[PDB]
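Undergrad: Can you look at this? It's an experimental structure, sequence on top.
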Amino acid sequence: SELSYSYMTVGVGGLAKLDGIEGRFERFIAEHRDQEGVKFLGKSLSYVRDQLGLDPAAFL
Amino acid sequence: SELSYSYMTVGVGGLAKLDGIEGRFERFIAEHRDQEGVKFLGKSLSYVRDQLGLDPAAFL
Amino acid sequence: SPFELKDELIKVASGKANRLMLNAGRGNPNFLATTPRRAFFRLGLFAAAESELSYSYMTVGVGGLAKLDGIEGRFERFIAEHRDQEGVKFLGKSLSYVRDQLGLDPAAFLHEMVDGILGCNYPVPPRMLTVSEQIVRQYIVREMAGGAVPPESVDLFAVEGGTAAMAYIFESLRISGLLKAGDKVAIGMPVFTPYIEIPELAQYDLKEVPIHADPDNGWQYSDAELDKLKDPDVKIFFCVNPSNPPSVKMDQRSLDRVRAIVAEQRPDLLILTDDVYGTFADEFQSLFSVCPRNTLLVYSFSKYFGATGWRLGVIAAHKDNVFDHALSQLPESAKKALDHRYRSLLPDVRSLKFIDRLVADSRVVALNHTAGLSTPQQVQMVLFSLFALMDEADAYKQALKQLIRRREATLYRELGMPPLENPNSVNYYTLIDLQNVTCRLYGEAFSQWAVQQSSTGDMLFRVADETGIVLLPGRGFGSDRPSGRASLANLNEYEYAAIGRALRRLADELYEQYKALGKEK
Amino acid sequence: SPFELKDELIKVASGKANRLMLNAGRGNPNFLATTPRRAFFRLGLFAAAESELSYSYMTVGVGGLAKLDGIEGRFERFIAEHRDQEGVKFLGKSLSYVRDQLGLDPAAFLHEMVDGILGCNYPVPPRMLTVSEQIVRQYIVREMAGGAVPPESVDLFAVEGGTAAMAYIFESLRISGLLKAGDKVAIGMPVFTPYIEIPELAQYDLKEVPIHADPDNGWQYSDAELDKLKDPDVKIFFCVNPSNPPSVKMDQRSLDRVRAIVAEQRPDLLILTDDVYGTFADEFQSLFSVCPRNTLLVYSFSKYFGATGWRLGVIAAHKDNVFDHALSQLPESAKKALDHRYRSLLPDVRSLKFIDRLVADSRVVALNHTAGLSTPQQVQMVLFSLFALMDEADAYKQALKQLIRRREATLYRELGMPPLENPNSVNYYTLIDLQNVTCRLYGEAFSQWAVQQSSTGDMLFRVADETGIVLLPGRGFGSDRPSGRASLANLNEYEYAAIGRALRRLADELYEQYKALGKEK
Amino acid sequence: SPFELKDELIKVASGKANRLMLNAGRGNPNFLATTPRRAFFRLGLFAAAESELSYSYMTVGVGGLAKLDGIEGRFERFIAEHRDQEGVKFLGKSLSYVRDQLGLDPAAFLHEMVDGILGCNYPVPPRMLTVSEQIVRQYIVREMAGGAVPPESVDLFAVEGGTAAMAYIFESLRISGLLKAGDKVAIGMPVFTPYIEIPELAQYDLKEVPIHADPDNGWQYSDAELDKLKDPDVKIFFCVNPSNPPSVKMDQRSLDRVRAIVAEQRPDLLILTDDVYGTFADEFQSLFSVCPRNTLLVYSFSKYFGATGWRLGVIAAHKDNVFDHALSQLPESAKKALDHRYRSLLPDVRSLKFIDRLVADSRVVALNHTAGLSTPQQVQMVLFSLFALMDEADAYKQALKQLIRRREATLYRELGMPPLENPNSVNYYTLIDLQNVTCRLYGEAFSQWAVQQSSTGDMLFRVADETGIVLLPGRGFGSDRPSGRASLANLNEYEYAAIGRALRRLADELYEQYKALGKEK
Ligand SMILES: *Cc1c(COP(=O)(O)O)cnc(C)c1O
Ligand SMILES: *Cc1c(COP(=O)(O)O)cnc(C)c1O
Ligand SMILES: *Cc1c(COP(=O)(O)O)cnc(C)c1O
């Protein structure tokens, strides 16, 4: 969100774009693989994608 | 550039590929969100993309 | 004698280094290309993580299959977060080269590499992993040929190292008949024991045809000698270029001839060349260069990158080669026989390229769809290739040369300094010749005396006793000279100097005789 | 029909996953043991560094040979400085186990591993790396036998995966004669296409002897059927335990018999068992258990650890086995013949164990001293072993079972739920039987009607058309029932459910006929 | 024809790379010097911080002017706190070199660089930033001259790239009259389209005087041809050294002559040399070498450092040059005219050096005090210089050479291998000559036939159609040979090979005619 709000204002934030979102989610995941929550927050994406076979990006 | 010059030579560097460039710019941005310049270098991308509505990748 | 000789030699031989020399008549490089190695391990680390992030349940040991979608992005991330490590810096540029110079599908390339290193899938196709073939083939056609061959015209077969390469080729030849029992096979010599023993088998029973290399002219093959292939009953030519033990490449003359013979009077000729010591040389043209449609090129990654243990090699073969024509000029009988064999493979068994058979042959056909080299190996091999394809200065190649020159220097320090630098010698092996040594140490006089006073065998045991180092004999002369074949790539500065310390210690024991037994005159 | 069938199936088959099933009649695991994998890459990283710190000149790419002196200390350091990474935590305990449970030379073990992973030296001995053999053999005798066999009595041969294991064993048998043309070979059935094709070759020309497994009794071999081996002219027994496609282990009864037969009336019998699906099972006894001196055990690391691409396997063989006795009860003629062959190997060719030949045979003897499996592979394989030897809870084994049960559940959700849980079934493969399915969905009435209204072939294409998934046929019945063989280890939850969505979509198309065509009555 | 040719070529031309070639008859380097680039960005980062720490109020965006006092200390600090980054390591040594080899005011140098990169002040003086001139001039006199010229005697003018350099020089010549309408200008040829069009203008209306380069003698200028300058009515000489498209330097002979002519019979001669491709060459002497007082040296940083987009160049000019003498041998009329023009500049307008005018001319005098090249650019250019001045091994220069040799090799792999290595060729551009190609592929016979069967234009379109690559025509022959001018610096290995794949695909289409149409004889 903050990276979608185009002006230089601190509190505000915009709408998350959908294009290229797996890549980004993926980045976030690797940069935090240490935290107990993100380890799971990742596999979920697998399951939503590899077992339910749904649109990963959509899902995210 | 350095990551486009295919031989093992230190000074040289090649031409920036356009494919997948938002992802990368995005990565660079998140890994430096601390520096006063990159915080802005990011929002610009929004504005070029969300307000002027231009080809983000092209722009980058 | 030279079978009970080696017998008691082992009895003293100290090492493995010297024991392999003694058992396989080859030296195992005490050095190795590490950069591609690190890149490999590093690539696995990234791969390992892709996998864990594809196994959807909460279980620690398990991991799934790497997805292909979005993979450049990720590889790219991994690269930037580790740009510090010596291996990943290279693991990145490779991607450039595969993409910006070979112009291949980057993503495709990556996923083949990633999945390839996790060795979690059967080699598809068995012959060799799609891109790995386009990459590694590029390495070969450049070092070996470079001259004519567009890489797009070469086919490769991933095999467990030259060794496997042979046991595959021969057997394959016999299975199909491109080679019938009692055929004439030309053998460039001198060659090391092993190869002159594959034809000397029962399942082959073929006949030798030495093609002697002229010592007095730097172990080059004599114009005459090469003309023997003119003889229309000599089915195939067997060469190791550069040669082992000589350690030399076939000069422009040597090549040109075969080029002609094959071209003028022998287009039916088959060539099986083992051009491993090939890459060491500054400039090098392989028989596969001059006769691309009549040759079967065997390259082993083992010597140059110190990677013997990986067992990495390829069997190169043009797309329009005789081996495939010959499978045509065959009696309609055998054809329909083979068609019963390769019946599971496909519908038209008469379209099956030879190269493609070597494969099917290797694992008794029926398993074909599970034959091939391990995906990890294919990957490592690829990495070793791009490491060579991107070392534009040859800093690595330059480094080894000098590593030889030095081992050379040290060896001969106490034996009349090093020999005449042969521009076609690769020096992987050096020939310590007793005569020549003394003709440099004391003079033409003394020389002749000791050459008759001592034997090769005394040399080889005198050294393997004082030091513990095995030295190969001088095969293919007039059995008239004690000579010593040392490898300049399997030992350290202090050991080579030790070799000399003995050879010279002994060249003095003699001189003290020629001296003391002369005063009786 | 079943050769042009597969023909047009491929024409629609979507994948590689399904394409291998179709081509090799086997499922490639969509999962894999990663911990040992990470440990591997991590081990290389340490190895890489040992090497750079052994290459004495100032050159970046090059690296030398790992010294053995002081190596535990160093490995220990590396371990403590990385205790954070998932792989090194395990890479450490291994060292314990190799040292505190197997009681082997720790340092020795390490240096073999380190040097082994840098694949910079030829596999010495070729058969299998010293400690790797003592370790990996420990894995085998425990899972496969466990009963009698002291690991110190088993010999192992490192080969490129089961596949290689066969092409080595058979050929080796023929070379030496423990198998003569026109012999009787017992084949436990049903088995998948490939294996019943190796004997059906020209270089063998042997005769089949099916040993049918009784479907109505969970694909177990019938007492009678096994008695055929009593026939003194049946030279060897060929089994795959657990079976493929059945996917079951030979119960205590089945074993006991062979145990007797062999022991009472057939101590001349040879056994070649492929016990890969062996490890999946909770408890499992391999034919190598009961008849250790008459069996040749082939184990492949490929299915259990998802490591097909590594091509890792062993050929187990007791030290006192018939294969070696039989090489004695041989005409003095052949003996002196073999003695010409294996002449380079040693002095007394009549002492050469069979196991040891399989080796020499594999690369046309003369190269023996360069044959064997890549040192990296040997290492990985070892790591996969200790990973299994140290998973005391079986958390990994438990994890896969459940991964099967689930894929099972999902598949049969819309087809009358899962079958009767067979305590001897490993379920790697499931049998979707049209009859049984409908007798659970609609009733004995409807069943009989559709079984005659549809064929296996319609099933297999109906599915491979709606989804894109290849399904194996039901080999070995009365060709009287459309059945479907699905693998529970090569696909994902959503795809299996997709299989069902079709099978059931089709089981309704029929029911709407039995319904609508009944009202005309 | 060659204007509607290019027309429909664009219609197919795929790229920008090939589109610039086509539009400017020049190749844009697909490579670039990055180290100086990083140093630049890094320098700005330090500069940015100096500035914020000079803006005394609490406002985030704003920043002030970098103080000069104590600046080495600070730069030094910044350097030590970043010695890890590839750019700052170099950004430091530069300071040494500027201080320990050129012996200039370190602090001065730094502050000019820092303030220079923040581009917050007008270029003072407009001609070129004080130290930047002393540094960058050092680069020029060394590569270009090196022979005589003490750098302290050269003057430089910072301009927007060669391009600007011309439009400045010519116009400047006309404004002042050192060039009057209808003068004779000598043009070394062949040259690319653009330059032979500046004189062909209305605001100039001058006359051509080709000075042909002899193809049969490697595009060198023939003794005779150069003698034309002897003609006292030829006001100036226009050369591009090395030449474009030929890509060669004027050998020692060529130079010596002009050296003489100028010296013996033409000290009134003016020389305008564009020595950009100058630096690529191993050793190189520029016309500015031999005739320092009669030449105007134009150097562009764009090709060598891949920095076309920066538009960086200089106009070198001795301190005692004719251009300044000539402004004296002028009618007292014009003099007092110019004195009205350059009236704002100073008191004595007859002291104004030519170099200094080029400046004033560039922005319609009145603005002189705001003309010049951007301070950032001046800085980058300086950094590119010191990067060249400190690469003592030429590792960069060596790297590009090889990058050419390789692109060369790849191109000609399927066209009779590469041409005769010319020691004066820089190879930036290669000449694919249809004749020569076939005389290497098939023979003198075939050659002559196809040379008349095909045209340059078919070549250029055949390639730009199969691949999408634009190829320059062979200007300046007897319009008698299809030739192809490829640039070895604007494409990748896989594309050049693609060029060949076509050229050769086409050299076979012909051979199949000479072959098939010969059999009718
Ligand atoms: C050592 C060497 C090679 C390498 O054999 P691999 O299976 O590839 O290990 C090949 N041929 C000869 C003559 C050699 O000296
Ligand atoms: C898949 C499987 C194996 C593994 O073969 P590898 O060479 O070891 O890949 C062995 N036998 C059967 C019956 C199989 O199903
Ligand atoms: C490309 C090139 C240059 C560079 O021109 P810039 O303004 O400096 O971009 C100069 N002259 C010729 C002949 C060229 O080929």
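TA: That came through, no problem. Numbering: from 1, shown residues only, chains lettered A, B, ... in the order given. Ligands and ions are numbered 1, 2, ... in the order given.

Undergrad: Going by C-alpha atoms from here, please, whenever you check contacts or count neighbours.
TA: Fine.

Undergrad: In terms of helices and strands, where is the spatially most central residue of chain A?
TA: Ranked by distance to the mean C-alpha position of chain A (CA atoms, centre = their mean), the top residue is residue A:25 at 3.2 Å. Using DSSP states H and E, residue A:25 maps to helix A:21-30.

Undergrad: Would you mind listing the buried residues in that helix?
TA: A:21-24, A:26-27, A:29-30 (16 or more other CA atoms under 10 Å in any protein chain shown).

Undergrad: Same check on stretch A:50-60?
TA: Buried residues in stretch A:50-60, defined by neighbour count with 16+ other CA under 10 Å: A:50-51, A:56.

Undergrad: what are the ranges of the helices in chain A?
TA: A:21-30, A:36-46, A:56-59 (DSSP state H).

Undergrad: Next, the angle helix A:36-46 makes with the first one.
TA: Which is helix A:21-30. Relative orientation of helix A:21-30 versus helix A:36-46 (axes from the mean of the first three to the mean of the last three CA atoms, to 10 degrees): 150 degrees.

Undergrad: other SSEs contacting helix A:21-30?
TA: Applying 3 or more CA pairs under 8 Å, 6 or more residues apart in numbering or on different chains; DSSP states H and E, one finds that helix A:21-30 contacts helix A:36-46, helix A:56-59, helix B:21-30, helix C:71-80.

Undergrad: With respect to residue B:15, which of these lies nearest?
TA: Distance to residue B:15, taken as CA to CA, is lowest for helix B:21-30 among the helices and strands packed on helix A:21-30, at 12.6 Å.

Undergrad: From ligand 1, how far out is residue A:43?
TA: Distance, residue A:43 to ligand 1, by CA to the nearest ligand atom, to the nearest Å: 43 Å.

Undergrad: Apologies, that question was intended for residue A:34.
TA: Distance of residue A:34 to ligand 1, given as CA to the nearest ligand atom: 43 Å.

Undergrad: The spatially closest residue to residue A:26 that is not a sequence neighbour: what's it in contact with?
TA: Among residues not flanking residue A:26 along the chain, residue C:74 sits closest, at 7.6 Å (CA to CA, 6 or more residues apart in numbering or on different chains). By CA atoms under 8 Å, 6 or more residues apart in numbering or on different chains, the contact set of residue C:74 is A:23, A:26-27.

Undergrad: do you know how far whatever residue of chain A ends up closest to ligand 3 is from chain C?
TA: Per CA to the nearest ligand atom, residue A:6 is where chain A lies closest to ligand 3, at 36.1 Å. Separation of residue A:6 from chain C (CA to the nearest CA, to the nearest Å): 24 Å.

Undergrad: Please apply the same query to residue A:9.
TA: Look at residue A:9 and chain C: by CA to the nearest CA, they are 29 Å apart.

Undergrad: tell me which parts of chain A are close to ligand 1?
TA: Within chain A, not a single residue sits near ligand 1 (CA under 6 Å from any ligand atom).

Undergrad: residue in chain A nearest to ligand 1?
TA: For chain A, CA to the nearest ligand atom, closest residue to ligand 1: residue A:30, 39.8 Å.

Undergrad: Redo the helices and strands packed on helix A:21-30 as CSV? Include distance to ligand 2.
TA: Output for the helices and strands packed on helix A:21-30, formatted as CSV (distance: least, CA to the nearest ligand atom, whole Å):
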stretch, distance to ligand 2
helix A:36-46, 26
helix A:56-59, 32
helix B:21-30, 38
helix C:71-80, 27
